[PDB]
Every structure is written in structure tokens, then in C-alpha cells.
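Letter by letter, the chains look like this.
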Amino acid sequence: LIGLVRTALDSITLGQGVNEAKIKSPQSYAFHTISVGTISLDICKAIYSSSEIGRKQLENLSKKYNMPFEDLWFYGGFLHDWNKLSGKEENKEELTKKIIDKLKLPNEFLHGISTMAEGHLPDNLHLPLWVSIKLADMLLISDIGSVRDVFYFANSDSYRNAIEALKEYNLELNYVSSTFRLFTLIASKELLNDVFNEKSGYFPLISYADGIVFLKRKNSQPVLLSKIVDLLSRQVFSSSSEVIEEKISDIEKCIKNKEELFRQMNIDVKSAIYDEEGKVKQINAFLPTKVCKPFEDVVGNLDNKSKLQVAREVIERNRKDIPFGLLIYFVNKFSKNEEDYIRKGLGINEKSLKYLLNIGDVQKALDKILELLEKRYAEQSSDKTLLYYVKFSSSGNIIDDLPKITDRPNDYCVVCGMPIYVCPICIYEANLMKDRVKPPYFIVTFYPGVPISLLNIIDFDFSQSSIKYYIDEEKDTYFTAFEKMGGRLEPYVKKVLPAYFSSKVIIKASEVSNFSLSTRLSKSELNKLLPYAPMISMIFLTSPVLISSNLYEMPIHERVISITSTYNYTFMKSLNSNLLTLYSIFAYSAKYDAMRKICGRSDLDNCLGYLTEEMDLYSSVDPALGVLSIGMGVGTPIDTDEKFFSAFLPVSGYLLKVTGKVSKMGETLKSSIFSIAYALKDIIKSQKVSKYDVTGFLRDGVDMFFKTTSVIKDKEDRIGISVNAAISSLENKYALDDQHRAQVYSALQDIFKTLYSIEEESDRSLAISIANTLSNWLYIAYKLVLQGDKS
Ligand SMILES: [Zn+2]
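- As summarised from the PDB record, the model derives from X-ray crystallography at a stated resolution of 4.1000 Å.

- Under the PDB entry, the name given to the protein chain is CRISPR-associated protein, CscA, and the organism recorded is Sulfolobus islandicus LAL14/1.

### Some words on the sheet that holds strand β3 (residues 211–217)
Here is step 1: The antiparallel open sheet is built from four strands, whose spatial order is β1-β3-β2-β5. What marks the edges here is a single partner per strand, and that holds for β1 (171–177) and β5 (450–451).
Here is step 2: Relative to β5, strand β2 (residues 206–207) runs antiparallel, the two sharing two bridges. Across the sheet, residue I206 finds its bridge partner in β5, namely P451.

### What to know about the state of the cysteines
Here is step 1: Going through the model one piece at a time under the given rule, you end up with two disulfides.
Here is step 2: For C254, the disulfide goes to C292, at an S-S distance of 2.0 Å. In this structure, the disulfide formed by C254 and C292 twists by about 105° around the S-S bond and is classed as right-handed. With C254 in helix α13 (residues 241–256) and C292 in the loop between α16 (283–286) and α17 (295–298), the pair connects residues that are 38 residues apart, well separated along the chain. An identical accessibility class is assigned to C254 and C292; each is buried.

### A short note on the coordination of the zinc ion
Here is step 1: Around the zinc ion, the protein supplies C413 (SG), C416 (SG), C423 (SG) and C426 (SG) as donor atoms, at distances of 2.0 to 2.6 Å.
Here is step 2: In this structure, the zinc ion is surrounded by four donor atoms whose angles at the metal cover 97 to 118°, and the resulting shape is tetrahedral.

### Points about the environment of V422
Here is step 1: Residue position: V422 is located in the loop between α22 (381–391) and α23 (424–434).
Here is step 2: Judged by its relative accessible area of 61%, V422 is exposed.
Here is step 3: Note: C-alpha distance between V422 and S516 (94 residues apart in sequence) is 30 Å.
Here is step 4: Contact partners of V422, with chain neighbours within four places excluded, come to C413, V414, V415 and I427.

### Structural notes on unusual backbone geometry
Here is step 1: The step from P439 to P440 runs through a cis peptide bond, and the omega angle for that step is -5°.
Here is step 2: Tracing the backbone shows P440 in the loop between α23 and β4 (441–445).
Here is step 3: The linkage connecting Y447 with the following residue, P448, adopts the cis geometry, with an omega of -15°.
Here is step 4: In this structure, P448 sits in the loop between β4 and β5.
Here is step 5: Here the phi dihedral of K104 falls at roughly 50°; this positive angle occurs in a residue that is not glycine.

### As for the side chain of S503
Here is step 1: As for its placement among the helices and strands, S503 is situated in the loop between β8 (497–499) and β9 (504–508).
Here is step 2: Residue classification places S503 among the buried positions, given a relative accessible area of 3%.
Here is step 3: Among the polar contacts listed, one links the side chain of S503 to the backbone nitrogen of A209, at a separation of 3.5 Å.
Here is step 4: Not counting residues up to four positions away in its chain, the partners in contact with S503 are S207, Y208, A209, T445, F446, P448, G449 and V450.

### Observations regarding the pairing of β4
Here is step 1: Within β4, five of the five residues are buried, which leaves it mostly tucked inside the rest of the structure.
Here is step 2: Direction of pairing for β4 relative to β9: antiparallel, over a ladder of five bridges. Counted as the bridge partner of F442 is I507 from β9.

### Considering the packing of aromatic side chains
Here is step 1: Within this structure, the stated rule accounts for 29 aromatic pairs.
Here is step 2: With a centroid separation of 6.5 Å and 80° between ring planes, the pair formed by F705 and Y756 is classed as edge-to-face. Remark: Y756 occurs in helix α37 (residues 741–760) and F705 occurs in helix α34 (residues 691–706); sequence separation between them is 51 residues. By the burial criterion, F705 is buried, and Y756 matches it.
Here is step 3: Above the ring of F183, the side-chain terminus of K384 is found at 3.5 Å from the ring centroid.

### Focus on the packing of helix α11 (residues 182–194) against helix α12 (residues 225–235)
Here is step 1: It is the contact of α11 with α12, at a shortest axis distance of 11 Å, that shows an interaxial angle of 135°. Taken together, the axes of α11 and α12 lie oblique to each other. Between α11 and α12 the crossing geometry is right-handed. Mapping the contact onto sequence places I186, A187, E190, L191 and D194 in α11 and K227, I228, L231, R234 and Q235 in α12.
Here is step 2: By residue class, the composition of the contact of α11 with α12 is five nonpolar, one polar and four charged.

Conventions adopted
- Sequence order sets the numbers: each chain starts from 1, possibly unlike the entry numbering, and residues with no coordinates are not included.
- Side-chain numbers here rest on the full set of heavy atoms in the structure, without hydrogens or water.
- Between any two strands, pairing holds if DSSP finds at least two bridges.
- Helix and strand labels come from DSSP, where a helix needs a run of H or I of at least four residues and a strand needs a run of E of at least two; each type is numbered from the N terminus.
- Disulfide: a pair of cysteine sulfur atoms within 2.5 Å of each other.
- Classification of residues uses two cut-offs on accessible area relative to the type maximum, computed with a 1.4 Å probe and protein chains only: under 20% is buried, over 50% is exposed, and between them is partly exposed.
- Metal coordination here is assigned from N, O and S atoms located within 2.8 Å of the ion, or within 3.2 Å for Na, K and Ca; omission of water means that sites may look incomplete.
- Each label reflects the angles at the metal, where four donors whose angles all fall between 85 and 135 degrees are tetrahedral, four or six donors whose opposite pairs open beyond 155 degrees and whose other angles stay between 65 and 115 are square planar or octahedral respectively, and the rest are irregular.
- Two residues qualify as a contact provided that any one of their heavy atoms is within 4.5 Å of a heavy atom in the partner residue.
- Contacts described as polar in this section are N or O atom pairs within 3.5 Å, which, within protein, must combine one atom able to donate a hydrogen with one able to accept it, while residues neighboring in sequence count only if both atoms come from side chains.
- Ring geometry is summarised as follows: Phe, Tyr and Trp rings, the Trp one being its six-membered ring, pair when their centres sit within 6.5 Å, and such pairs are stacked at plane angles under 30 degrees, edge-to-face over 60 and tilted between the two.
- Each ring is checked for a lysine NZ or an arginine CZ that lies within 6 Å of its centre and within 35 degrees of its normal; such an atom marks a charge sitting over the ring.
- Axis definition: a line fit to C-alpha positions, over the contact stretch in the case of helices; interaxial angles, taken between N-to-C directions, run 0 to 180 degrees.
- Note on angle classes: values under 35 degrees are labelled roughly parallel, values over 145 roughly antiparallel, values of 65 to 115 roughly perpendicular, and the remainder oblique.
- Should the near helix be turned anticlockwise from the far one by less than a right angle, the crossing is left-handed, and should it be turned clockwise, the crossing is right-handed.
- Just so you know the grouping, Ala, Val, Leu, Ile, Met, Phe, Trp, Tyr, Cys and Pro go in nonpolar, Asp, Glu, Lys and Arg go in charged, and all remaining residues, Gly too, go in polar.

So, in C-alpha cells, the structure goes:
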């Protein structure tokens, strides 16, 4: 059921799927391919159920290839998309032969899939597959953009023939427009299970933010707005068991304390209601306001799943108890404002009890129930109904609601813009924003849309996994790397909250980090939240992510993915490739870990703030500088031993690995440092190396480069003396093989050449910091060649 997905991701190499598909949209190879297959599988499920002819047809189709029914359908679309996307300028379609080897699939199927892609019907048996895939292919157009565009592109294009065949499979197409809101997200799953069930016969497919697209079997019960409206009345009502639990003790306390007299007047109501001391007792003598809160004051602002349940499951909760004692309460403490006994009241303030009948009379009060309370059940309904007239409109559904006349309603909501009779919509959302959905949040949009059948599958667990960033482009495959990313697949997902009708998903930050969050999103806290972000993107098949404290923050469309925020930093800029983009943030992911170990708990806030600005500044010139941004300027302990040797040492290799592919400038820089780092251990065989014992000559040449006197020299004239000073100090300190010294010379030349190029751009003042950066980075590279498998 979900295992097909596992196999596919296991076969495609990490970088294979991370790659950008089309220049038109920010789509990942994996995102699109897996998605096409997902829909493909769901489609065949519908056919098997509805068409009995197609059911047997699909059955024989499986036997032809000796492939399990379900599995045969999925990989069909997945590969079809890949072979279609082989239109990338390379066309090296030989890549599929590797996939075929890991998939262990027959060539005949592929030969058919080739004619499914380019060609036409393999044969009439292969028709449902030809149809299913074509449908899914159309649904994931570069930018379908709108649900209506789907229908326009349907019929207009070759996809029309498939719709013609769909009708013959006793299956029709439909859609419902739905606007994104906080309330929609929570009950989204419930609706899918209740309204769009295979029981009624709906099989939901994908959503595009404008709404949802689904299927309708012939003679299926039509989509009815009645239940749509009936459901929220119960859901917009946060009637949890614990919501009802308080009043259980509230009014219990008011009455349980008088158990003495709440049983005695079962006989001789007069012996208790009357006293020899006078005539009668005060309500407060029998029910003190001290321990008793008035009924309507007890039920402050509740309606039915709370107040009618408070008039049912709370009138009869322990009312099996002192059914006799409970009576006096409603007979007397009917609370302030409404002393409306509205019953067989005799008007006697006290002797009424003797005149009335026995406990058979209780049932009559139970008849007065389901009256004023259920009024609130059908009261603010039309306030909400306006959404089902405007927001939840444009649908193949049927409106089952009254007209919106409600002659003279009350004012329209100040914020949600909805009339009443603010609004409860924002009120419910505000109670929710207290804890159920506390800010800030992580929102990931999907282009054009995302299969609902996959939206209920993905989850994640970063509790034990902590932060993990060790991946390779071609070594580890997508799945193995996804496993390291701590991603999970639960049909009953618990830590992911998807707005199924908005082609987007939100993740509450509370489950992601145990860190203390804030009321909003701040630049300081933004830093701490960033390392987890790229992982989320990768877990969601390389999809763009935005971090924000307001859900309705609409995200900002290059062919590449974009990790963005309320405010955008330069280092967060999207590079020419998704592979590179992720690696750039994976660099921060690694730096964060080290900083955590280095700075103290409180010191981290100020530490990270500085790292952020520095990384931003360096990346402005070249992204490669961004990758190496550790600091080496002003603001951090220059305690190299308490810094590099402490935690930066292991990830160094990975960081340098990234610096290798970010830019050609960085390619030259990385190679140069590494060449020198290899040469270093040759000369200084001994590991009695000190800080200055290895970098002195370098700094000597650097100071010389920057010495104002040498600056007036031409680019080549200056780099001449600069390197000449460096290598002079080297041979002053240690003799150099005339053979070996040449390697370093050539490398240093490019180093000083780029130094002139980072001086051509930007300012020489800033360039100095980058020199110090690379300086300490050279010692690091020397420690890395000295690593030699050191745990
Ligand atoms: Zn409102």
C-alpha cells in the first residue's frame, strides 16, 4: 500500500530526485514522478471498485505481467513520468537501465510504457493504464495553477479521449472549490473520511489550493452541503471530554456538600424545608454562594456540544445521584439574570416544594431541555453559512442551505468579514492559537498540487534523530538519505497537520523543536529554527518551505526550490540548482550543531545572531564564501582550540565537500587549500604542529599583499611579491624540495588571484576577514588530512 513508494525512493539516487524538473515551476524530479505514480495507483483503485468489467480487466492485466495488481499500477506512472522528463537536455535515457536493474522489472512492460509515453494504446487490455497515467500526467501540468484550468486543459487537449472512456467505466469527474483557513485544516481529514468515502464512492485525488478534485461513481449519493454544514457545527465546537469535565465538578461541588439534606426530604419535604427556628431556610443556607457558582455563570460562553451536553451529559452526569438532591438546584439556583423557571412553577418561593408532585416531574424539566440550548445550535449557523455560500462555493456539489436573507443580521466581522447575529470564527481560531496551533510554524506549498492519498502518509520524528545532515549526492539513494533525515510514513500521521484542501501543509514548531518558542517569529529565533527546514523540504521530495508565525502569510517561482521567511536574508538565496540550495542550508545545519556545543545556553542567542550576519555578508560576494562562513572576524572566542578542535573538526570534510561544487571559484579555492594541505603533512611529517607553526608564512604573505606599499602594484605585480613573501617565510622556517614547493606556488597564485577578484568586487576591508577565514580553514584542512580515521 505504501511499500511501492519505499522501493521507488530506494532506486532513485538522492540527486536524481532532488534535481529541478522544469524551468516553468519549482518542481523536483522526485516530487513530480512520485506524485504522478501516486495518483495513478489511486485511479485504478476506483476503477476496480466501480466497473466490474474494468475490475476483471485490471485483474487479467496483472496476470499478463505476473505483477501484483496494486504494484503494477503505481510504477507504471512513476516510470512514465521519468521517461517523459528524460526530455532534460543531456538524452542519456540510459539512466533508466540502472533503475530497471534495481526495480528488477521486465523490459516488455517498459517497452509498453515507452509506447504509452510516445505512441498510443499498447492494446485494449492496457487501456485503463493508458487512461490512468494520462489523467495523472494532465493533473500535474507544469503549473495547472487553477482547478478550473484542469477542466479547460481536459477536453481541449488529447486527454479528452480518456474522459470519454472514463464515463464508460461508470465513473464521472467532479471538483469542489475550498478557500484555505485555520478551521479548514483541522477537520480536513475528517471530511475526507466522512464525505469523500469509497463507501459513498468518491475516492479523493488531489487539491490545488483553489479547492479539491475528486471522482463520482454513477448513481453515487450526490455531494450534499447539508452534512458539510452539519459537521463543522460539531467541529468548530471544541467539545472535548475535558471541556465537559470542569462543570462535572463545578455544580457537583455546589450540591454534593449538602448530601445530608439532599436525601432527607425524600420524605416530609416540610421537615427540612420548614424549621422550628422560624419558617423556611435561605437558598444560600441550602446552597452557599461561597462553594456554589450560579448555573449560567458556571456555563459562561458555551452552546450545545458543550452547553446542551452540559444540559444532558452534565444534567444527568452523576444525576443518577441525588436525582432528588439535584432537583432543588434547578428549582432554586437557576442562576442570575434568567430566574425563568419556565415550568409548572407554583410561584410559592419556598412552600412550592410541598405543593408539587414527585420525582416523576423531573422528566418535565428534561422536556424543557433541547429547547433554548439547541437554539444556539441553529443560531450563528448563517454567520458560518456565508462561507458555504461564498468561500466553499464553485462546486459540483448541491447547496442544501437556506437563503442568506436572515432579514437584518448583525454587523459584519471586523476581521473575518463575516456577519453575526470580531466573530466566533476568529474566536475559535484564537483559542486554537493558544496551544493547539502555537506560532511559529513551518509551511510547505506544493506546485501544482499534492496527492491527498500521499498527504495523509508523510510524518516525521526529530525527537531521537536530533539534527542530522550527513548525505551524499550519488552514494546514498533518496530513501536511505530520507531515512537519515528522520522522515516517517504513518497512515495515521500524528506530527504533521495538512491543510488537505489548500495544496499545502503546516507543521507546528512545538513537535519539531523543544526550544522555547515566542508569540511571533523573530530574527534571533529564526536562526535556531532554520537547520530543520531543508530536511523537511527533502522529506517532502525537495519542496519549497516557508517559516512564519502567521499561516495566511502567502509565500512568494524559479525552476528551483526556495526556503524563505517573513524577512529574507541573502544567504537564503536560491542557487541555480536544488542540490546546491539544500547543501547551502545543510552548511548552516552543520554550523548550528557546532555553535550549540561551543557557546553556552544563553551565549547561543548572541553567538548565532553574529554567525547569521557573517554568513549573509560572505554569500553576497560568492556563495562559496557563504559555505565557509564560520567567523574569523570580530564577535566570537578566537579560542581556536576551544572552537575547531572542539566541534567544527568532523563536519569540516562535509563542509569542504559542499564548497567543492557550490561555485567554480570555490572549486579552485577548495582544490588549492587541499593541494597545500596534502603537501603540508609531507613537509611537517611530525604532528607536534602548533597554531603559528603552520600558518605563519601564509599570514606573512597576506600582510604583505595588504601592506599599502605593495597595493599600488598591478594585479600580477602585487600577487608576485605577496606569494614571494609567503614562500620566503616558509623556507625561512623549513627547507622546501624545489620539486614540492612548486605545487603550493601554483595554488597560492590562484588564492591571491581570487583575493584580487574579491577585491575587484566588494571592499578590501571585508576581503581581509575572508583571508583570516581561509587562514583558519587551512589549519582545519591540515587537521582533516591528519584525521586518518580518528573517532
Ligand atoms: Zn472573525
